[PDB]
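Notes follow the structure.
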Amino acid sequence: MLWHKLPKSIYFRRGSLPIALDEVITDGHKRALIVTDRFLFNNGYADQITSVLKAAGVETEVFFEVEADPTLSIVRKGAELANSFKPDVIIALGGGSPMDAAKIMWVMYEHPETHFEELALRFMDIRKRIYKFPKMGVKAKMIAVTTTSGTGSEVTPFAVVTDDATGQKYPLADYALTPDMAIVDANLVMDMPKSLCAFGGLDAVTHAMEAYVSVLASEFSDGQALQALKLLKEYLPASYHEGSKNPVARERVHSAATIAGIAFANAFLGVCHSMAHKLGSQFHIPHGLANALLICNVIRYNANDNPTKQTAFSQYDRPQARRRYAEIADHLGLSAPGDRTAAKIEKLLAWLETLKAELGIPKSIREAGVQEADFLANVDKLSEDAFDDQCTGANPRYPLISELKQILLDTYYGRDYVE
Amino acid sequence: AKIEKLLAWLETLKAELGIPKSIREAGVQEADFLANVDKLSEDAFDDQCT
């Protein structure tokens, strides 16, 4: 059995933040808490909510203590602040870290008796509905407001928490942590400088390129993935070169980014996802350009006819990983009227590197400022640590350990994966 | 000879303290460095040297 699960209401467009939070004034809440960053609190972005909320009169406060990664102790102080305050509306603002930080400090606010480890053990993935999760939404509810164009963490039920003492990652994922309302505005994002826009643009590119060809791809998220891929090729370079002098392409890039976030929230992600997580978490690389270096090698990694060494149910559901890449390529409008498969694959993967040219990213990991010593020292620390971190995964070809470090070495030197 | 023996020493010191050998290995691209070299060239002249 397969599903399609979304938040209850997604409101969106340019100039829609103050008119969306009128319905929480009308019904019916009186106390509120805001989770955001210190940086946006230093600027005048957090006052745009509090100034509207205090005119009707509600109790508001700001938690601007969010590190770039959640550290499992910030959320403990946040839960202490929350059950000292007792609110019933939690508004998350930002991108990435404040959203899942608010999710984790909300799930421990509804159940202060549950310990973290049984949450870390009972709940690690979906496709496994054993057995159930405690009832939430009883004394509070969550609103999610995005700022950065390119992530979809306001519609996805995912969270990543880093331990302080051991440095241990913990992913949490079940469909009881999606927010109740997602607000998609474009006025909040008009002054971000390049190339912060290009990072999120390539992040949305990879999230939409992956989630079409997964093995969990049902027919309910194919059309939206193809729509997210269609809406970037006209409006991402125009948003990169000028801005905010052209206030048309930026909001369309923003909206297609949250379309991609809707797309991968049901058919899950792949291997370059966790590889980008570990590559960015170790070298302190910003997430978003890590997979932009990897994605062409991953497309080459999946473009093989049929090596039957680690395949599974190859006559049951999946046609071919080649053919769906060909479908992306000739749907996008990049093909002659008379072609074959491999020519369409080549015309597809020739194009995004020409895009990455003017988006202005380095051509390997070494030009991003990564030495040889610590890289070759810890490559076998990462090579199998990126195997058990849920990949599993919906890779069309099941991988093994020594095939990932081939990608990790071919990317750092600036070569291609061909055999 | 004394001057040469002096500046031969702290290069061996920088060896085992583990620091890169030029600015490029620290992670500085060529484009924005050649863009901003004449900005920094005279701006580091008036700034009290003297």
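Just so we're on the same page: first chain in the structure tokens is A, next is B, and so on; residues restart at 1 for each chain, and ligands are numbered from 1 in the order they show up.
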Step one, run DSSP on the backbone; step two, keep only residues of chain B assigned to helix (DSSP H, G or I); then write them as number ranges by chain.
-> B: 2-17, 30-35, 37-46
Create the file for the chosen residues now, containing C-alpha atoms and written as an mmCIF file, in the first residue's frame.
```
data_model
loop_
_atom_site.group_PDB
_atom_site.id
_atom_site.type_symbol
_atom_site.label_atom_id
_atom_site.label_comp_id
_atom_site.auth_asym_id
_atom_site.auth_seq_id
_atom_site.Cartn_x
_atom_site.Cartn_y
_atom_site.Cartn_z
ATOM 1 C CA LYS B 2 73.373 34.118 9.626
ATOM 2 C CA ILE B 3 70.311 35.607 7.930
ATOM 3 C CA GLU B 4 69.874 32.500 5.795
ATOM 4 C CA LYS B 5 70.197 30.229 8.828
ATOM 5 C CA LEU B 6 67.603 32.407 10.561
ATOM 6 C CA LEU B 7 64.894 32.190 7.968
ATOM 7 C CA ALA B 8 65.628 28.530 7.268
ATOM 8 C CA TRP B 9 64.612 27.813 10.867
ATOM 9 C CA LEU B 10 61.049 29.022 11.086
ATOM 10 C CA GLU B 11 60.106 27.248 7.873
ATOM 11 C CA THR B 12 60.961 24.004 9.661
ATOM 12 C CA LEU B 13 58.891 25.350 12.552
ATOM 13 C CA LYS B 14 55.916 25.979 10.245
ATOM 14 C CA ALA B 15 56.396 22.423 8.964
ATOM 15 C CA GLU B 16 55.475 20.574 12.140
ATOM 16 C CA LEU B 17 52.998 23.145 13.287
ATOM 17 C CA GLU B 30 42.274 32.956 -8.155
ATOM 18 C CA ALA B 31 39.374 35.006 -9.541
ATOM 19 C CA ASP B 32 38.341 37.112 -6.549
ATOM 20 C CA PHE B 33 41.964 37.362 -5.421
ATOM 21 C CA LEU B 34 43.107 38.892 -8.702
ATOM 22 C CA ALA B 35 39.986 41.045 -8.598
ATOM 23 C CA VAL B 37 44.547 42.680 -5.174
ATOM 24 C CA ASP B 38 44.628 46.368 -6.136
ATOM 25 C CA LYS B 39 41.968 47.088 -3.557
ATOM 26 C CA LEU B 40 44.172 45.695 -0.789
ATOM 27 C CA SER B 41 47.408 46.968 -2.284
ATOM 28 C CA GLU B 42 47.102 50.665 -1.504
ATOM 29 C CA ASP B 43 44.554 50.243 1.273
ATOM 30 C CA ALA B 44 47.286 48.588 3.327
ATOM 31 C CA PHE B 45 49.534 51.562 2.628
ATOM 32 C CA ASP B 46 47.807 54.330 4.533
#
```
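Every chain A residue lying within 8 Å of chain B, based on only C-alpha atoms, is listed here: residues 367, 368, 369, 370 and 371 of chain A.
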Same residues, N, CA and C atoms, output as a JSON list (two decimals), in the first residue's frame:
```json
[["chain", "number", "residue", "atom", "x", "y", "z"],
["A", 367, "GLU", "N", 39.39, 22.39, -5.07],
["A", 367, "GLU", "CA", 39.28, 23.83, -5.27],
["A", 367, "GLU", "C", 38.31, 24.50, -4.31],
["A", 368, "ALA", "N", 37.52, 23.72, -3.56],
["A", 368, "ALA", "CA", 36.72, 24.28, -2.49],
["A", 368, "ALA", "C", 37.52, 24.49, -1.20],
["A", 369, "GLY", "N", 38.80, 24.15, -1.20],
["A", 369, "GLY", "CA", 39.66, 24.43, -0.06],
["A", 369, "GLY", "C", 39.87, 23.22, 0.82],
["A", 370, "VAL", "N", 39.97, 22.05, 0.21],
["A", 370, "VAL", "CA", 40.05, 20.79, 0.93],
["A", 370, "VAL", "C", 41.41, 20.15, 0.67],
["A", 371, "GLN", "N", 42.21, 20.03, 1.73],
["A", 371, "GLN", "CA", 43.55, 19.50, 1.64],
["A", 371, "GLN", "C", 43.53, 18.01, 1.34]]
```
Per DSSP on the backbone, what are the strand (DSSP E or B) residues of segment 56-168 of chain A, as a ChimeraX atom specification?
-> /A:59,62-63,89-94,141-146,149,151,158-162
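With only C-alpha atoms as the atoms that count, the minimum distance from residue 166 of chain A to the choices A:51, A:26, A:71, A:239 is reached by A:71.
The spacing separating atom CA of residue 170 of chain A from atom CA of residue 404 of chain A amounts to 21.8 Å.
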